[PDB]
Amino acid sequence: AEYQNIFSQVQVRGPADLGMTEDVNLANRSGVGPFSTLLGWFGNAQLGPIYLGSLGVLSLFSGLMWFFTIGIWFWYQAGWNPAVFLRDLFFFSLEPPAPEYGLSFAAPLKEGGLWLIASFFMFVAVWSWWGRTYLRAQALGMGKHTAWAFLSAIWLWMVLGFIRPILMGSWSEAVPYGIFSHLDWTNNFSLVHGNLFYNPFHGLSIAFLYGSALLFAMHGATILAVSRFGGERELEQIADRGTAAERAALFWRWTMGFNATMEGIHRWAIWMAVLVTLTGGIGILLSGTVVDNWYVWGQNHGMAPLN
Amino acid sequence: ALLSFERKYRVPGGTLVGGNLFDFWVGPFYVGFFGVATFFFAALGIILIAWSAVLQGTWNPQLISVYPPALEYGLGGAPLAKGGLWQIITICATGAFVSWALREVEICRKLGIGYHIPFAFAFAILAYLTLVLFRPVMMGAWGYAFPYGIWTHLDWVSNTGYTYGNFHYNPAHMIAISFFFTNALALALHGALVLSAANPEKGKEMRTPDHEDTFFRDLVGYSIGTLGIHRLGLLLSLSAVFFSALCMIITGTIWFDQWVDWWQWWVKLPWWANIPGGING
Amino acid sequence: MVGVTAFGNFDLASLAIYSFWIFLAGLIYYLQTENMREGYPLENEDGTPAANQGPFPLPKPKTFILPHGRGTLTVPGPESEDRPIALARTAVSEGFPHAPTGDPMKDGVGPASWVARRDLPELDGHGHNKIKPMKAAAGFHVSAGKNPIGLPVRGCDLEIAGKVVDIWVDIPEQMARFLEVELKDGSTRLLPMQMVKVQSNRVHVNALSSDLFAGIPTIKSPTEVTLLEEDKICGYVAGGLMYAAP
Amino acid sequence: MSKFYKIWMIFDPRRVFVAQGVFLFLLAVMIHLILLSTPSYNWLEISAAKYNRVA
Amino acid sequence: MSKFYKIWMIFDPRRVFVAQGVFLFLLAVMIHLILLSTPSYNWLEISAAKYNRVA
Amino acid sequence: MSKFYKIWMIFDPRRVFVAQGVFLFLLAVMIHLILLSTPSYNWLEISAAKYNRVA
Amino acid sequence: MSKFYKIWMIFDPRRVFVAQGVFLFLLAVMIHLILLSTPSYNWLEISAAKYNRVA
Amino acid sequence: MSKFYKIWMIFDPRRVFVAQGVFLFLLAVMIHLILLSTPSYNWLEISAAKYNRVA
Amino acid sequence: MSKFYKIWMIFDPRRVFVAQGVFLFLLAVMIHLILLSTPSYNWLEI
Amino acid sequence: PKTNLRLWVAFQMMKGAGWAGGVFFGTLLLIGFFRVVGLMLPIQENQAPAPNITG
Amino acid sequence: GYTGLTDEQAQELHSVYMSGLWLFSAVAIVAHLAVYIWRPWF
Amino acid sequence: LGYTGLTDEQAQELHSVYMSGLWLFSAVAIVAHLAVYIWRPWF
Amino acid sequence: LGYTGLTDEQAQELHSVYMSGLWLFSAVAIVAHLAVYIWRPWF
Amino acid sequence: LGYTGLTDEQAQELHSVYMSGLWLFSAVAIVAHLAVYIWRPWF
Ligand SMILES: CCCCCCCCCCCCCC(=O)OC[C@H](COP(=O)(O)OCC(O)COP(=O)(O)OC[C@@H](COC(=O)CCCCCCCCCCCCC)OC(=O)CCCCCCCCCCCCC)OC(=O)CCCCCCCCCCCCC
Ligand code: BCL
Ligand code: BCL
Ligand SMILES: CC[C@H]1c2cc3[nH]c4c(c3C)C(=O)[C@H](C(=O)OC)c4c3nc(cc4[nH]c(cc(n2)[C@@H]1C)c(C(C)=O)c4C)[C@@H](C)[C@@H]3CCC(=O)OC/C=C(\C)CCC[C@H](C)CCC[C@H](C)CCCC(C)C
Ligand SMILES: CC[C@H]1c2cc3[nH]c4c(c3C)C(=O)[C@H](C(=O)OC)c4c3nc(cc4[nH]c(cc(n2)[C@@H]1C)c(C(C)=O)c4C)[C@@H](C)[C@@H]3CCC(=O)OC/C=C(\C)CCC[C@H](C)CCC[C@H](C)CCCC(C)C
Ligand SMILES: COC(C)(C)C/C=C/C(C)=C/C=C/C(C)=C/C=C/C(C)=C/C=C/C=C(C)/C=C/C=C(\C)CC/C=C(\C)CCC=C(C)C
Ligand SMILES: COC(C)(C)C/C=C/C(C)=C/C=C/C(C)=C/C=C/C(C)=C/C=C/C=C(C)/C=C/C=C(\C)CC/C=C(\C)CCC=C(C)C
Ligand SMILES: COC(C)(C)C/C=C/C(C)=C/C=C/C(C)=C/C=C/C(C)=C/C=C/C=C(C)/C=C/C=C(\C)CC/C=C(\C)CCC=C(C)C
Ligand SMILES: COC(C)(C)C/C=C/C(C)=C/C=C/C(C)=C/C=C/C(C)=C/C=C/C=C(C)/C=C/C=C(\C)CC/C=C(\C)CCC=C(C)C
Ligand SMILES: COC(C)(C)C/C=C/C(C)=C/C=C/C(C)=C/C=C/C(C)=C/C=C/C=C(C)/C=C/C=C(\C)CC/C=C(\C)CCC=C(C)C
Ligand SMILES: COC(C)(C)C/C=C/C(C)=C/C=C/C(C)=C/C=C/C(C)=C/C=C\C=C(C)\C=C\C=C(/C)CC/C=C(\C)CCC=C(C)C
Ligand SMILES: CCCCCCCCCCCCO[C@@H]1O[C@H](CO)[C@@H](O[C@H]2O[C@H](CO)[C@@H](O)[C@H](O)[C@H]2O)[C@H](O)[C@H]1O
Ligand SMILES: [Fe+3]
């Protein structure tokens, strides 16, 4: 076959790129990292620099304490045994307080007090990382699109760990930290709420999740198909439409009767992905607070046959 | 009616079949030999779904459900009201999907672009054929396929899943989920980054791709680059679908038990199976 | 709140799902109108405005302030091709192909099409030329893969068109953009890196026979390439997939 | 009524005639399917009952 | 009231007439479907019972 | 009250009129659907009971 | 009626004849499948009973 | 109070009035839905009980 | 009927004949499959 | 001349039939592969329950 | 006038169109009459 | 002027037509409410 | 006059052949309906 | 009138060939239908 542009044929390397300055405090940038020739086949080879200001210190140290708190709980569950630790790794779980403790903070350490401590470190880590996404954009003079998109993911995460437990009135509703246990929580949640497939916002959230795979398959394939015309230089195509953007638009126009622009396809992109967790968080927040049996709700809303 | 730049591209040729016979547009839509085919199969399948609703006795589009033949038919043809309509609609769907892909190929040829788009769509078709064709014929009955109905195909997903316990424990399904979640992450970041560069703070100049690299390096210490992110978004999407098809074609064909029991192979590796304590000891 | 309805079956979950449909309709209207900033208004095939323009009205104009004093782009705004198009109607009715009146490769029509972009180079974030010959790029070298420099270039007729004499590189993104090929007559041409296949003993070009390489558009200065020249070169090379002789 | 011909100065007949054709076919199809879904008006079932074609 | 013709200087008649045509059809379809969903107003069921056409 | 015409210097009448037409239709549709959902105000069921039209 | 030939001043016969060929074959195939799915008119099923070909 | 008019030198009136309109409508709808959801304040059920309109 | 030959001045016969070969083959296959799926006419189970 | 023309028409129709056959037969070969593989696997012993209420 | 039809062309086209509408609706009236006599829906 | 480019006279003219439409629409709505209230009081 | 470039005489000529095809097709269809109605009356 | 580049005489000749083979194809089909009907009447 002809060249498909999925992996580069020739790598070139020059002086390391320290990045744009703008209003960035350059003292808070690291040096440049190594160049990975393995990554250079698919994307850029250069690693780093990374920016590490005040919110980054807060986020990383809080995130480290979250990860370390779970880790030491797993080593305790392993009985300090390195062979057992690796054998049972996916089976260990730091579990929320039992239902009889409600929202209180009185639960013992083994009985969910450690889960509260870890969750506090997680809360600080994630929210300080949100402010990091906002301020990194600010210092470069960029739009805040990344921080606002990330707020949709935080919305689902907040619903799962914080808002729905408070509305339900116990921490026991929250997700356990553990590989198989959070899967088991996911299955149990649907069984308790009478089949989550009949939650219409879960259905929408799936539609947007599939739509994200559809749209990125389309967009990624499109840009590679026009990459022979410089199509992946999307900002310059936005500033000065070339034949790459015109051929991309006409392919979809002739295929399905309408098309995007080089800017506006990224507006479809951001919203398609955002809507996954926006609708997701609504669907979960409604579950148990408003609808405790989604199949029966579906029967009463014309989407499942009556008994 | 044309886009203001469109006329210079609407030239003859690039067709796979039919020459000039179908080489024309109906408004924006290019036709071609496979456009004729696609429309016929799509219209026929749609009208047969509506006719199946007449037989079912419902006009609520959420309750319309075309079921495949019962297991007692095996791989034979069924009575039309008892699953033969599902068989014809499945042939129409397959005809429409394949015709649509082949029509995209001749659109690619006329525009001189690469074939990545119809190639990418073929993964979605093969996933569909996994669930309606390859897995049912391995399992020996059409009745293992899913029904064509908005909520009833979710009943098939639920019933198929719980046949093997919690379906989360399917290892290929775990991989497929990870690609799906990673793809949606990458799409959000990619959309946001291009928009944040094209639409800066008020009254600032457009940001360059160098600012796009800089933002991600500052944020996570790495930037995959403008070419790399489109390669990534394609391969994440296609890998998600490939591992989806794999997770199903093995299910009920080489694996039959509760998927949670599979993971015991790791726990019962002989160098640690008997060590006391932990969760599994 | 479970089972609490305002009327009938109208639950707080019902309020949510109906609110989402109204939001989604508004969002889709926004998304489609934002995607109408290029290519509209719609035209008849004679170039006059079409009687039908579709259900979505055009968005208000927006202005991009371009970097490096390249000015402003306001969109939507007056579209024009600003070049000759050598296509004639095959039919009096709409919807049929327009046939090339000359050589479509030379005329730059069909899959050989190019757009009248700015006749200036693309600039990096600091205002230097984004794409440079690697002999002019101070620290750049081939770091992995077969170095193409010095390989013969074989056309799809399986005959040699020339030899590779340099790589042109994207400086900020550190990637190979073009191969510079010296032809039989001693002039050079740029071949897009996406349209060549590098092999252990040759560079193979599926899109062009060896006789077409002389017709690749030349760059007006040997050290830089304009966005206009890029569109002309890339358009012509891809055009060979349809129009190169068997 | 006399001036209704001026619709053709606003809408191009090539589009309108296609839109009308699609509209009238789908409308006609939907009414026939509605009657076939209605036991009192499914002519194929009425005639089966009339001519005793069921058992 | 006499000034209402000035709306055609605000809005393009092509979009208005397409929008109105779609709107009126969907409104009419909605009202007929509501009545067919109503046992006291489904004229096909009413005529079925009147003429003893069921069973 | 008198000065309210200056709103058309703030808002483009085109945008307002489209938004208001959508708003008023969806409001009206919602209120009729509420009353149809309400047994004491569903006029089709009230007339059915009044004229003894069911069974 | 006498002026209906002017339709060929509005549509090119190439596009029309393709659209008609798709339409007529679609319509015929659909009606045959409607009858094959109907016990009273499925000729293959009627013949099997008439000549006692089953079992 | 007399200087509160200077808010329009800080806040763009187009953005304010749109945000105000959306705010006030959603607040109004929310309160009416709360009262309809509250059996002691559902004015339709209250009048139904008052006038013996059901059963 | 005598003017039906003018179809070959509207549609290119070479392309029509190829497409007609596809149509007639697929139509025949459809009808044979309908008869194989019919217990009274499946000539492979007799 | 005419025998050459007759053979040419036949050849063009045989090209279409040959491709439609080849695709159809290739489809059946792919189906047969998955059938053969499914006959070799332990499926017959471990047959799954019906996922659909149709059974 | 957006379409480029003259007023005379719009008149001519409408007259033929209306003869189409009347023919189609007259056939429909006869179809409704037949079905109504066969099986009244009121 | 304002943001829309309507002059003061154009704004007064458009408002006068708009308000007559509003009064017409609301007059019909008042009669509808009166008819329904007399038929079936909701208080 | 036309969008298609057919003359009036050509549009008449083409319509005369088209209507011959339509009447031929509808005639055989009437025969097919008559045969089926005799074999198995609907209504 | 002509979109294909066949002359009128070329189209007449080619149609006479196509029709002759169409009749032969229908004749073979009639024989196959008659054989099947004698074997196993579908009416
Ligand atoms: C906080 C956790 C919760 C969940 C929260 C989840 C939020 C997810 C938001 C994702 C937004 C992605 C799109 C985007 O462009 O983002 C960047 C954008 C601009 O960046 P910038 O730096 O400030 O500016 C750059 C400048 O150059 C301009 O750039 P640009 O032109 O691209 O920006 C304009 C975009 C941005 O607009 C928005 O983002 C609006 C977001 C609205 C979210 C509402 C979702 C929930 C309600 C629905 C639930 C429905 C189900 C219940 O313009 C647009 O994208 C326009 C979109 C139009 C949609 C129209 C819909 C109309 C529907 C009504 C029709 C009525 C007809 C009668 O940022 C913003 O403008 C600010 C975004 C603020 C987000 C919401 C924050 C939380 C609000 C609620 C709490 C506070 C208020 C009470
Ligand atoms: C993939 C693995 C499973 C499966 C599991 C699920 C689950 C789980 C969910 C869905 C959901 C959906 N599925 Mg399903 N579904 C499968 C196979 C299919 C196929 C198919 C031909 O193979 C189709 C068309 C659909 C269609 C759909 C939609 C009704 C809905 C939203 C999808 C979406 O937005 O996707 C991405 C695509 C887009 C965003 C583009 C727009 C797509 C539109 C909306 C599709 C409309 C389909 C239409 C109603 C079907 C009839 C076609 C007409 C006759 C022409 N499913 C198989 C069996 N599907 C969700 C839902 O809400 O169900 C009620 C849901 O919860
Ligand atoms: C038996 C199981 C149940 C079920 C129960 C649930 C439950 C329960 C939930 C879902 C949810 C989801 N389901 Mg469901 N679901 C089922 C069947 C399906 C099927 C299918 C084919 O059958 C599909 C495709 C889906 C699809 C989906 C998604 C659309 C959705 C999750 C979106 C997302 O990205 O979440 C993943 C993303 C997040 C949770 C956001 C995370 C953001 C935070 C900030 C990240 C922090 C990272 C941390 C700091 C660590 C970083 C370390 C790094 C090293 C740096 N479901 C069945 C019916 N499903 C969710 C939902 O929204 O429902 C409406 C949900 O809660
Ligand atoms: C719109 C919905 C989608 C979404 C969007 C999204 N996510 C986002 C963003 C966006 C737009 C961001 O901007 C943000 C980001 O930065 O992306 C690069 C983010 C992000 N999405 C993330 C994850 C994620 N997103 C997910 C999903 C989704 N993201 C949705 C599909 C998922 C899942 C389950 O589906 C996950 C897991 C992160 C990569 C990032 C947010 C990072 C964050 O908040 O981190 C806090 C924690 C830390 C900084 C560190 C934790 C501890 C680590 C172990 C580091 C320890 C360091 C130490 C020095 C070493 C210690 C060693 C010793 C222990 C031995
Ligand atoms: C492989 C990666 C992802 C992917 C990729 C992808 N899809 C694609 C493409 C690509 C690259 C296209 O080029 C193509 C396209 O044109 O997109 C606009 C397409 C497309 N992906 C589509 C949908 C889609 N893709 C999906 C998935 C994915 N597509 C993957 C996740 C899904 C789901 C459920 O996950 C859906 C719904 C369409 C928008 C489009 C293909 C359009 C097409 O085939 O058109 C011709 C056919 C018709 C117009 C209708 C046929 C109707 C049938 C005859 C009857 C219906 C039968 C059906 C089985 C009924 C099912 C009922 C449901 C309730 C289950
Ligand atoms: C759940 O809660 C429930 C629903 C139960 C209860 C709550 C209900 C609520 C919250 C209701 C809220 C209702 C509101 C806010 C209603 C508002 C109504 C308004 C403002 C209506 C206005 C109508 C105006 C009309 C119809 C105007 C028409 C105008 C014209 C016809 C003329 C247009 C102008 C022209 C042509 C002039 C053009 C000028 C030039 C120079 C060209
Ligand atoms: C759910 O509710 C149900 C469905 C149950 C019930 C409700 C049904 C509803 C709401 C139905 C609504 C039906 C409507 C709105 C029907 C409208 C029908 C119309 C308007 C039909 C018009 C037909 C017109 C025809 C067939 C015209 C044909 C014209 C021609 C053949 C000639 C065209 C002109 C020519 C050739 C002249 C060209 C001239 C020159 C100079 C070139
Ligand atoms: C979970 O815990 C719960 C929630 C249960 C209990 C805890 C509650 C907590 C933590 C509550 C915290 C409450 C706080 C921090 C409240 C703070 C309230 C404040 C600071 C309110 C301030 C209000 C100020 C107002 C309304 C000012 C209005 C000003 C104006 C209208 C005029 C603005 C100035 C103008 C227009 C002049 C402009 C001048 C020029 C020259 C342009
Ligand atoms: C929904 O439930 C069901 C389906 C059961 C009930 C509903 C059924 C409905 C709604 C059915 C609707 C049926 C319709 C709309 C039928 C319309 C049929 C028509 C219009 C058929 C027309 C056929 C025309 C033919 C076959 C014409 C053939 C013409 C030729 C062979 C000659 C063409 C001219 C040539 C070759 C030369 C011209 C060139 C020159 C140079 C003179
Ligand atoms: C679901 O509904 C079912 C399928 C059950 C029932 C419905 C079926 C339907 C809707 C069927 C529709 C069928 C149609 C429209 C069929 C159309 C068939 C046609 C027009 C076939 C025409 C074929 C013409 C041919 C093969 C002509 C060939 C001519 C030549 C090759 C010229 C060369 C000379 C020859 C063959 C003579 C050779 C002999 C000697 C001695 C030299
Ligand atoms: C090698 O050994 C060492 C120890 C060195 C390192 C090993 C580390 C290991 C093995 C770590 C394992 C980590 C795992 C398996 C983590 C799994 C995490 C998963 C799967 C999480 C899934 C979902 C979590 C959610 C949804 C959590 C949401 C939490 C919030 C929204 C936080 C809300 C805040 C709360 C509840 C705090 C309230 C309390 C106060 C005081 C404010
Ligand atoms: C991509 C499309 C996927 C869907 C494709 C569907 C294609 C279906 C083709 C069916 C082909 C004919 O299939 C044929 O069916 C009949 C009828 O059930 C089977 O017949 C079987 O059941 C009947 C009764 O129901 C018995 O009398 C018979 O002895 C038994 O074999 C045949 O064994 C099989 O050969
Ligand atoms: Fe992109």
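Only heavy atoms go into these numbers, but all of them, side chains included; no hydrogens, no water, no symmetry mates. Proteins come first, then strands; the chains are lettered A, B, ... in the order of their sequence lines, and each starts at number 1.
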Highest number of heavy-atom pairs under 4.5 Å with chain J: which of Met139(B), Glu72(B), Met138(B)?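 With the most close heavy-atom pairs to chain J, the winner is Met138(B).
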Look at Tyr162(B), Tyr164(B), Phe134(B), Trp156(B) and state which one has the largest set of heavy-atom pairs under 4.5 Å with chain J.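 The option with the most such pairs is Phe134(B).
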Is it the case that over 12 heavy atoms from other parts of the model lie below 6.0 angstrom from the CZ atom of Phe39(B)?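 For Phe39(B), atom CZ is not crowded (no more than 12 foreign heavy atoms under 6.0 Å).
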Please check if atom CZ in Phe119(B) has more than 12 non-hydrogen atoms from other residues, nucleotides or ligands closer than 6.0 Å.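 Count not over threshold, so no.
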Which atoms of [X] come close to chain J, meaning under 4.5 Å heavy atom to heavy atom: side chain ones, backbone ones, both, or neither?
X: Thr163(B); answer: side chain
X: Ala141(B); answer: neither
X: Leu71(B); answer: both

Residues of [range] contacting chain B, heavy-atom criterion under 4.5 Å, by residue number:
range: residues 31-55 of chain J; answer: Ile31(J), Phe34(J), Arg35(J), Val37(J), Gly38(J), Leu41(J), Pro42(J), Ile43(J), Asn46(J), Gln47(J), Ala48(J), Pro49(J), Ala50(J), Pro51(J), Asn52(J), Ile53(J), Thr54(J), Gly55(J)
range: residues 1-8 of chain J; answer: none
range: residues 10-29 of chain J; answer: none

Pairs in or reaching into residues 104-127 of chain B: which pass side chain to side chain donor-acceptor pair (under 3.5 Å), with residues at least two apart or in two chains?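 Sorted result for residues 104-127 of chain B: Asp23(B)-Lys110(B), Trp100(B)-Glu104(B).
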